[PDB]
**Student:** 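So that we are looking at the same thing, I have put the structure below in structure tokens.
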Amino acid sequence: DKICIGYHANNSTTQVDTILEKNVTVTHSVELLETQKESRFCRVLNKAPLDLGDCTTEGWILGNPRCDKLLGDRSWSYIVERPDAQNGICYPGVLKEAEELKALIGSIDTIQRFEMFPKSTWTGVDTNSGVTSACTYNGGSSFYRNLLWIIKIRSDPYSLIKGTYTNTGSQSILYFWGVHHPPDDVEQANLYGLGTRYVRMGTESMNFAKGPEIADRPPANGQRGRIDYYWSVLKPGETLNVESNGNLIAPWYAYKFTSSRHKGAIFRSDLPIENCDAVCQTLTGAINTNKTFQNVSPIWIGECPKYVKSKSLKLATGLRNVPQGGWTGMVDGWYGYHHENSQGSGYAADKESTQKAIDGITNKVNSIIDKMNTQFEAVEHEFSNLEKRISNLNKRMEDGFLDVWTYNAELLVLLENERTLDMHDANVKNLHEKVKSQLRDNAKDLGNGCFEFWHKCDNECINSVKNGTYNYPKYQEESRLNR
Amino acid sequence: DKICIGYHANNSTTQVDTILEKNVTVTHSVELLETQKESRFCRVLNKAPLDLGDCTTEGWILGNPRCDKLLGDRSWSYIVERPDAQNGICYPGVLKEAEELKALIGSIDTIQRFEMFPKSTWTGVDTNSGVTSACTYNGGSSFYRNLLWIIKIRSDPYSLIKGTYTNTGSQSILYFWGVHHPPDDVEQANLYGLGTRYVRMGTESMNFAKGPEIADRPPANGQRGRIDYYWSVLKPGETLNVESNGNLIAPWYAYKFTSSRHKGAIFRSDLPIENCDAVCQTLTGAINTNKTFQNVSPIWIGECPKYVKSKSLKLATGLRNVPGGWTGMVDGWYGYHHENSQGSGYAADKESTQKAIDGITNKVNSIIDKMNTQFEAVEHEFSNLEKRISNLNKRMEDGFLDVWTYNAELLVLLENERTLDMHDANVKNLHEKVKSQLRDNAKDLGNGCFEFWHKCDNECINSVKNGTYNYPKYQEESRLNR
Amino acid sequence: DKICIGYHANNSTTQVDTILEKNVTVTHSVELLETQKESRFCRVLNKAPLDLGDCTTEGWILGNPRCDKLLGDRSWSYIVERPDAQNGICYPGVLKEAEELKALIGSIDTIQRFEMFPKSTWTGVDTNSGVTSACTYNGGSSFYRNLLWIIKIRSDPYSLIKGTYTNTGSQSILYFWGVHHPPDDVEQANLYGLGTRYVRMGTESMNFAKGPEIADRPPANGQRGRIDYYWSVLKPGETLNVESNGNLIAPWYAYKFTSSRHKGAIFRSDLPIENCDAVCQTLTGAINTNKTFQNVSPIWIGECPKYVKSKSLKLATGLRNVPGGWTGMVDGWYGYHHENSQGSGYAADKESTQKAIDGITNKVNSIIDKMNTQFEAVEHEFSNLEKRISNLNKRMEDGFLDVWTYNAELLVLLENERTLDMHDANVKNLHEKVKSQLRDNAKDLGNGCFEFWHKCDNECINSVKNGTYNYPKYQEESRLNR
Ligand SMILES: *[C@@H]1O[C@H](CO)[C@@H](O[C@@H]2O[C@H](CO)[C@@H](O)[C@H](O)[C@H]2NC(C)=O)[C@H](O)[C@H]1NC(C)=O
Ligand SMILES: *[C@@H]1O[C@H](CO)[C@@H](O[C@@H]2O[C@H](CO)[C@@H](O)[C@H](O)[C@H]2NC(C)=O)[C@H](O)[C@H]1NC(C)=O
Ligand SMILES: *[C@@H]1O[C@H](CO)[C@@H](O[C@@H]2O[C@H](CO)[C@@H](O)[C@H](O)[C@H]2NC(C)=O)[C@H](O)[C@H]1NC(C)=O
Ligand SMILES: *[C@@H]1O[C@H](CO)[C@@H](O)[C@H](O)[C@H]1NC(C)=O
Ligand SMILES: *[C@@H]1O[C@H](CO)[C@@H](O)[C@H](O)[C@H]1NC(C)=O
Ligand SMILES: *[C@@H]1O[C@H](CO)[C@@H](O)[C@H](O)[C@H]1NC(C)=O
Ligand SMILES: *[C@H]1O[C@H](CO)[C@@H](O)[C@H](O)[C@H]1NC(C)=O
Ligand SMILES: *[C@H]1O[C@H](CO)[C@@H](O)[C@H](O)[C@H]1NC(C)=O
């Protein structure tokens, strides 16, 4: 007659790693890391991204006339700019603080386009001839739809021109202007006139006054001229005054805007936009998961799991799987017993110790999930060629946190896996010892997990062991004789 | 006759969490997190903060004439600027590199105000008419006390004016100037004259040259004109030359200054300043604590504990409290209860109790030691055209806060489990040392206790507690009882 | 007749710390921290550093004529600038975006110097008199070799001058120019002429247009004038046009360059450059190590271990050294000592010893693996008006240093405790496997050892070591002894 102590086994081939041992097969486990994504852009909080098509952010927002599909009021959860977009700043020059403009635009939610200064505002000049072969529309010469290239009437001198606009709404207004710099005095004279020329812009809180910086430069997009483009934000209540006697590229249309309550982004990607929804939308695709880590992309909007470099984060929940060892036959629970007597034989799990282990492991998993429920958020702000130091500072920082979090996740998994599997060993040992202490020398150890009884142990003697009430003196005499 | 093994219990209702289970009552514990603060500003290393009252940093340092309460030499451990302060830049315009000025000012310790360029410096011009209704003093038109608004004499043209000052001391000098921009050419002509006009400032190591940017703008504080305000630092030994033919807002008074040996700050707060001292002074109050973490504020000066988001960080030191345990023990953590003809009673095991005390004390101190650094957030400001670096600073500050909060919270959960396990193992060790000695001269009982198969006197029992029992002495007597 | 269970000891005096106790002597250990370096600068990936000697980066790259040792084509893995270097910007003035130039230069690996605009490009002007006593060569007045200081011929007016250059190669070109600002109108007229004067530079992607900002400034290096120096990069395909009627300091020679595929650096150090190679080269010396941590310097190029503040990171691999343990074992970590009629001796248990070796080895390697990443501090410079970003870079660098130092030091304390506990458990397991087998045909002794109640030959003893003993064979012979 005998009783054994053992633990669950099954057909699982899933492995985990621990601090002491690699490739350890276990009976149950949980993958904390999400590796899958749909390669496309979906709506976030039911709001669609804005696809810039063949236009850059600058082409869109300045109104490059190849970008008419985008013209007007828009709203978006994020922006998708195609890497090979060809329609941007078509008449050559520089946009001042371009990178800060993009950061502004990535924080915006909705825009309403409106005519800020109609052509009629500018008297004694030609407002209908400011076009260039650099900015074509259907083969023809054209120009930015948000800017007005004013020139002199051929017969007449360029009049002093003035315009004013007041922001009487509760929304800020994003607007644009520029200063044109011809390549030589002949062209200056033709378009504006000789002498001192100025472009002046004034607000309660910004002042601007500049002139042509004439110089012959190599042609870009077929032009030897250049424009310095500027942008600004006219705050609620503020008023703008414009004066010029030449070289003004005037604001024409502008944008009343709202700032998002949510983090937005400009993604530079060729991925398709489709009719779908995502809780989590990364730069390289949408993720639908309830896992807490993710190795898809560090750049996203919505609610995403923490990004890490790991390929897997497999957390052991069950036991070492060692069949012949463990008992494939148990099935009821994690730890338990196998008995053999005259009434028969069989397996039966110990409910108490099994549940305690379930409760602890469950709590461990949830605690890890809970404590890992924050994300470091990388951002795709841009930096100019004269901003290498801050660009490098941003990169080292983002890689810095990535390395810390990847380390924290991987190390924790290795260490707690070892603990979890040790806890199981200890739980099994505990049951075996409780049986040991009870039977004393009315049974033989066998160094096996099992005990050979020195007496007959019926189905009530055996259940007397499972509830921990055995009674040694009852079989003491019977046992001592067999020797 | 019997001997038992047990562990301490008490009346404690303090709970801790562990990785495996929550709300576990324990006998002793230590809160690592400080949550309390006095809602005020105190002295730090015995130096008081400077209260700017109804002035902004800029109103103060430019010498807005409503800020005379601050005028002159001052010294401070930190600066307190009130959120509603009304006296700042009164004549409209921008201070260039305003945010970098503030960072500088937060790093300064003491200033001494002095006349850098007296009015007599500027010949052939009017130095006594440069006042405005935008900057009022006692119902009158006035102007910044540290700047001089020079205009042309009506009858005469604005002479080329020159002035020079040499820093012959060992302290750097913080000084200010500006360029005035009238709204139109009429005003430009009246005050300065037409033609190209410049303001040029030169040092051994910096040059500045700028002109009027004339533009008709909406009024601000009743003025259509603007000033671009500038600041700079004249180093020891250096000389400043000033040259202008118009539009100059000249430095008048300036500040010799010392840089602090300590970290300083500008706090934007309404909290009161009081007669008190603080080792640790945060933006939302003073902390007096020997704890190593703190959830009050990430911004401070002095020596403060590490900031974390946690509401609590309770580290178990004692045992699971299950009164099970013996409320009767009291002497120590682990021990014995005996019963014989001479009587009964509890007595702690000194050796194993002290070893546990030493380990737990060492663990606490080790954690304290390794957590004795702080990440320091700063309240530097960023302009509207510095959103990228501002966001970079924010993500970084939140980034370290999240790593430290994680490290602290997880460590507490994990070590709480280990600490309570260690206690279990220690109790079992004692019980086994007794088992091994008595063999079959006592019965286990599966109880923690042992029923002796013989009589065990107060010397037999103390023979167990020191680990020298002698089995053969009672071997016969024990085997007879069956 | 007896059998004992014990563990290895030796003469080791090496100590480690754990979370529960300090200064614990152990039998084997490994130091994870590298503290040694060679105090010199070596080649990295086969390429030598460039030693700037008595020149600053700027003196070199502008071609200060006292820097002819450096003149022409050069290549380097990193740059070494000496702290007391004197030959820099000799004619006083400011280099615009100087700090960003240095970052660029640190990222470059080869340059080829070439004449971009020969003197003949500028007609109707004096190209052979642009020298100053501020920039001496062999006692004589001279000038930067990469710039050309053009002045008017005395008899003639300064002609409009033009030049153009097109980059027809695949490499970018780094070039320089400047605008001269004389101290007064007399000198302006003498050198260039009166009236409006301009310096215009144009590319497909950049435009520049500026004039003299005339002002009398204190003399620096004997000069009241100044030059604003500029730099830029002409990309492959681009063409540069230059137009001026005065005040132009023209590019003369420039540098075609390649960008390194590897991180480079400018080290400010007096350490000697020698004939050696380093995998890892830090600012304070070369490191050759296989260790994973390092407390030498946070600034480096090449492949270096992670920087931390620690003085030591000693990881226990072996046992607590208590000679207790058996100095006599030597064969392994855990094992047996037997005594019978055939003799006596020690013998390690191979199975349990190997399992422990495998786990500890795996632990060490896992730690090494997970610590195989480095945060890299950089020595970019920041101007006086960049205190905020400079402080941001510093707090960030110190932030990660503190996190990694903590992670390393805490991990070592915690795993040391686990490692030493694992050994205790392994020994106990063996002792119990022998207890269970012999039952009461041996006496425990409470000692680690077992006195056999019978004769146990060299086959009886090996019958214990493989776990197959057979109690009934000797059971009777036991019960006799009573
Ligand atoms: C995130 O990790 C997964 C694997 O755990 C990576 O996906 C595997 O990539 C390899 C090589 O690219 C393929 O052969 C496997 O079939 C992929 N596995 C799965 C589940 O897709 C994935 O590359 C990781 N993401 C990134 C950006 O590296
Ligand atoms: C400061 O912390 C120390 C330990 O970090 C605390 O010291 C204990 O304080 C109580 C009395 O308040 C004593 O009974 C203990 O004996 C002290 N422990 C040790 C190890 O010395 C102290 O309480 C803390 N101070 C405050 C104000 O909370
Ligand atoms: C890194 O730590 C090492 C070793 O702990 C330091 O080198 C020791 O310096 C101390 C104090 O000057 C001396 O007791 C020993 O002579 C040194 N020991 C060894 C092994 O070198 C070293 O200073 C540290 N490095 C830095 C940059 O602080
Ligand atoms: C609980 O008991 C002791 C004395 O029996 C007492 O001194 C102690 O203060 C009590 N608990 C608390 C929280 O005060
Ligand atoms: C633990 O106790 C707190 C109150 O002290 C309670 O809010 C919480 O629900 C409890 N949690 C569990 C799991 O018992
Ligand atoms: C921690 O500080 C917060 C301030 O954020 C405070 O409101 C809270 O009460 C603190 N935690 C506890 C347990 O008091
Ligand atoms: C996964 O689903 C559970 C529902 O029990 C939810 O509470 C948890 O937050 C989900 N995961 C994530 C990452 O939000
Ligand atoms: C251990 O402790 C003492 C101070 O308590 C110290 O002086 C000694 O040098 C330490 N030993 C080692 C090896 O660190």
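In listed order, ligands and their atoms are each counted from 1. Every chain is numbered from 1 and lettered A, B, ... according to where its sequence line falls, protein lines coming before strand lines. As a basis for the values below, the full set of heavy atoms in this structure was taken, side chains included, without hydrogen atoms, waters or symmetry mates.
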**Student:** Less than 4.0 Å between atom 11 (N) of ligand 7 and some protein heavy atom, yes or no?
**Tutor:**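 Looking at atom 11 (N) of ligand 7, one finds that a protein heavy atom does lie closer than 4.0 Å.
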**Student:** Would you confirm whether any non-hydrogen atom of the protein falls under 4.0 Å from atom 1 (C) of ligand 7?
**Tutor:**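 Yes; the ligand atom in question has protein heavy-atom contact below 4.0 Å.
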**Student:** Taking side chain as C-beta onward, heavy atoms only, is A/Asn373 less than 4.5 Å from A/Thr292?
**Tutor:**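 Contact flag for A/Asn373/A/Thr292 side chains = no.
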**Student:** Is there a side-chain contact between A/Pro49 and A/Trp76 (heavy atoms, below 4.5 Å)?
**Tutor:**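 The answer is no, as the side chains (C-beta and beyond) never meet within the 4.5 Å cut-off.
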**Student:** Any side-chain heavy atom of A/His28 sitting closer than 4.5 Å to one from A/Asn10?
**Tutor:**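 The answer is yes; the side chains approach within 4.5 Å.
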**Student:** Relative to ligand 6, is B/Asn295 under 4.0 angstrom through side chain, backbone, both or neither, heavy atoms considered?
**Tutor:**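 Under 4.0 Å from ligand 6, B/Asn295 contributes backbone and side-chain atoms.
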**Student:** Under 4.0 Å from atom 9 (O) of ligand 6, is there any protein heavy atom?
**Tutor:**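 It does not; no protein heavy atom is within 4.0 Å.
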**Student:** Please determine if B/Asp17 and B/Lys22 form a salt bridge, counting it only when a charged side-chain N lies under 4.0 Å from a carboxylate O.
**Tutor:**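 Judged by the 4.0 Å cut-off on N to carboxylate O distance, B/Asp17 and B/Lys22 do not form a salt bridge.
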**Student:** Which option, B/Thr35, B/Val296, B/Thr284, owns the non-hydrogen atom nearest atom 14 (O) of ligand 6?
**Tutor:**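 Going through B/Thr35, B/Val296, B/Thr284 one by one, B/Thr35 has the nearest heavy atom to atom 14 (O) of ligand 6.
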**Student:** Could you identify the single nearest non-hydrogen protein atom to atom 28 (O) of ligand 2 and state the distance to 0.1 Å?
**Tutor:**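 Protein heavy atom at minimum distance: B/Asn290 OD1, 4.0 Å.
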**Student:** Regarding B/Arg395 and A/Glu398, does a basic nitrogen lie under 4.0 Å from an acidic carboxylate oxygen?
**Tutor:**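 Here B/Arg395 pairs with A/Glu398 in a salt bridge, since their nearest N and O are under 4.0 Å apart.
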**Student:** Would atom 1 (C) of ligand 2 count as contacted, meaning some protein heavy atom under 4.0 Å?
**Tutor:**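 Yes; the ligand atom in question has protein heavy-atom contact below 4.0 Å.
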**Student:** Using a plain distance cutoff, I'd like to know if A/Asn290 has any nitrogen or oxygen under 3.5 Å from a nitrogen or oxygen of ligand 7.
**Tutor:**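 Yes, since at least one N or O of A/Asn290 sits under 3.5 Å from an N or O of ligand 7.
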**Student:** With side chains defined as the heavy atoms from C-beta onward, is the minimum distance between B/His262 and B/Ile301 less than 4.5 Å?
**Tutor:**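 Not touching, per the 4.5 Å side-chain cut-off.
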**Student:** Could you check whether atom 5 (O) of ligand 7 has a protein contact, counting only heavy atoms that fall below 4.0 angstrom?
**Tutor:**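 Not a single protein heavy atom is under 4.0 Å away.
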**Student:** Any donor and acceptor pair, going by atom type alone, linking the side chain of C/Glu417 with main-chain N or O of C/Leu20 inside 3.5 Å?
**Tutor:**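 Between the backbone of C/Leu20 and the side chain of C/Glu417 there is no qualifying donor-acceptor contact (under 3.5 Å).
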**Student:** Verify whether the ring centers belonging to A/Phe376 and A/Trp405 lie closer than 6.0 Å.
**Tutor:**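 A/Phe376 vs A/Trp405: aromatic centres not under 6.0 Å.
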**Student:** Under 4.0 angstrom from atom 24 (C) of ligand 2, is there any protein heavy atom?
**Tutor:**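 Yes, there is one.
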**Student:** Does a side-chain N-to-carboxylate-O contact under 4.0 Å join A/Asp403 and A/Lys309?
**Tutor:**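 Salt bridge flag = yes for A/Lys309 with A/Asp403.
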**Student:** What is the nearest protein non-hydrogen atom to atom 13 (C) of ligand 6, stated with its residue, atom name and distance?
**Tutor:**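 Here the closest protein heavy atom is B/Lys311 O, 2.9 Å.
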**Student:** Heavy-atom distance from atom 9 (O) of ligand 2 to the protein below 4.0 Å?
**Tutor:**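 When distances to the protein are checked, atom 9 (O) of ligand 2 has no heavy atom within 4.0 Å.
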**Student:** Taking only heavy atoms of A/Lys291, which atoms of ligand 7 are found under 4.0 Å from at least one of them?
**Tutor:**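 So the answer, numbered in order with elements, is 13 (C).
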